[PDB]
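Chain lettering (A, B, C, D, E, F, G and H) follows the sequence in which the chains are written, and residue indices restart at 1 in each chain.
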């Protein structure tokens, strides 16, 4: 009666990664700089890459 | 030449289709590189005469 | 009651030969003409040199500096090769050839490029002036079907 | 060569007609391009022994076409004729594919 | 009941032509390229002399002292031959050739040996300076498979 | 294809990260497809980004298509700028193309007659030695 | 094929938009088919439009056919004008064609 | 592809050990696959490691891919640095390539116009004799 019509499973959840891991675990991969302001690139102990810049956390 | 022979003469064969006949073959015509063979009307099966490939 | 495998297979090889007959008969003629062409060529050298050195086409074989006798430039299917004002014509013998190509011939002629010449190959032609030839229309030309793709030149090819 | 083989040796086959025999075939001779087959005398019907047929061809010009029928003789390079003599295999014994007449084209 | 000898032998010659098709088709193309090469050469003379006499590569055909018109140095499979700063490029016609080589070309270029020059033959190249050329990378180069063993030279061959 | 000058240092990072980073620096808004490629290493100095990008593409990475506001990208080495004071950059093109062969590495010609190379250090070194060597016969005016 | 001089700057825009924009500037009334292509990027300075158009065609875009009043079009980079003060432009054509290759 | 200078001496050791050893010296964090190869012998002097690595790859060993922080590697001879004082290193490349043929051995061109060779001593000796011999006609200025 509800599957024959239209189905969405909305996002509201957790997903917020580096604020769940300690700072000395993170490793600086690279840095980018240009007109869009300077941005750092950093690696998780889980091996993900992230991009963060001045004023971010 | 890079172009298909328009007819028998172009292909350099019996300029006359009927000149390429046989016992069951009434002829063989070259039409733009395509060579078609016609089945005679005498001396053949019954459901294949006047028929071709 | 029985024996039809021997009778049909002897009669399919018989009809196979009849179908393979015209294929071998133009492949064959087309082969005998390809030589009249080779015998015609290699005489381009003499003719070319004669023209470039003198500015006039060699009138005959002797002028071109080749077997003074046309019949001395014959072959298996070639009854001869004559140079007539720079034009070199090759005649097909009467024995050892197809059937619709014997006694038939082709021509090789050249044109002043100015400092050099360019050669043509095709059906018999006659030379008019030092830079113009024309169909030796007479009925003894080797049929287009027997001529290579490289020897389909017309009297006015440039 | 443009000429029909005069005999077996010319055609490049068992120089001896009798060398081209069989069970019912006493031989096969090539006479000016015409190939005739003779029926033995032992091991055959009764009204066909010692009887024969011929295969001959015709210049198509660049190729040839073959015929099969009752005995024939070659006249000129492009003409043969009934070897009328009485030893021809009777029409009733010949296949539908071997009913050719001396002047078939 | 019988007739399979005629049917198979007509179908083996049919498949024989299909197997003989690609062999004659690259032998053929490889033959049409061997000429683009002959038309390109013989123009080395003009270019060599021009260079040795002046110390500068001929800018174009007229400079090299050859048919001022590229199109005047054409052939059966060759649509032309242009001299561009000593580099001589030959273009394949569009009619009368293979299929994957038409409108395609190669180049002949030389290098100062000091007192003489050495010639190279290969895929299209452009001249940069008096002693350096480079791949005329663009997509119209005659495929390596169609080039003789004597015409496999790279832009930096010495 | 014009930007502020930058130095790109990427030690084993997702090209998607390099891309985002490149959007966070106002080098357009860049967006990939989802699964473009993987991870790459490059290290550039003194290169405008829009070039360090063209150059990133050639490494491993993608080609770029721009909508206008956003750009879609779909599926050490170093960069060094060579000034050419004396010669024209295009005259080098024959010789420089001839070192590359079927290698990796590239050369980019900027409008102000400077060459830019990405490659391994060993192919950069070769390209610099040739560019400077040919520049050097051009300074004797 | 003659017009006022212009500078075309298009950052990731539908060729249909560039076209309309080009009609809104009195460069004919331009109309496409429906689905011509998509989006393109170009950036020109000092180019008459009717040229910046011919040049837009070659980028990605279409060919143009004119009815007379209306034109139908059917299915950074930059432009710069080079003055040639001394030589004839046609003498460059051999060398300039030779850089382009299949580019 | 830049590092401290080192001397690599490996007498019949697992390339996995040479690798780890190379990570324990801050030459990245290196990690192989599991079964890369086996054991190798090399002996280098005065070579930066990132080179002695490229050179180790060519011996028997693997190719390297870097994630950035970690690098993955997947499936005597000596090294000597030749200074080239007088000539450009790239001018040697034609002749040096011509000794190698289909042999083992390699030549690496560093940016500061020095050649580096790994090989057997006998191929090193040949390459040095040619590099010095061609350098020697270049010192007569």
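List of remarks:
Going forward, a contact is a pair of C-beta atoms (placed from the backbone, for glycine too) under 8 Å apart; a residue touches a chain by one contact, two chains touch by 3 or more.
Both chain G and chain H are touched by F. Chain pairs C-D and A-F differ in how many C-beta pairs they share in contact, with the greater number at A-F.
Chain centres here are Cα means. That of chain A falls 40 Å from that of chain H. Here the CA centre of chain A is 83 Å from the CA centre of chain C.
Centre-to-centre separation of chain E and chain F, using mean CA positions: 35 Å. Spacing of chain B relative to chain D, judged by their CA centroids, is 30 angstrom.
Contacts with at least two other chains are made by residues 29-30, 43, 49 of chain A. Listed for chain B are residues 1, 23, each touching two or more other chains. In chain F, 10-13, 39, 90, 99 are the positions where the chain touches two or more neighbouring chains simultaneously. Pairwise, the chains that make contact are A-F, A-H, B-C, B-E, C-D, C-E, E-F, E-G, F-G, F-H.
Across the complex, chain H meets chain F through its residues 1-2, 65-71, 88-90, 93, 108-111, 113.
Within the complex, the chain E residues that touch chain G are 60, 84, 126, 136-140. Interface residues of chain F, counted against chain H in their complex, comprise 10-13, 39, 41, 76-78, 99, 120-122, 124-126, 128-130, 133.
Touching chain E in their complex are the following residues of chain B: 1-2. Residue ranges of chain C in contact with chain B, taken from their complex: 15, 18-19, 22, 26, 30, 143-146, 149.
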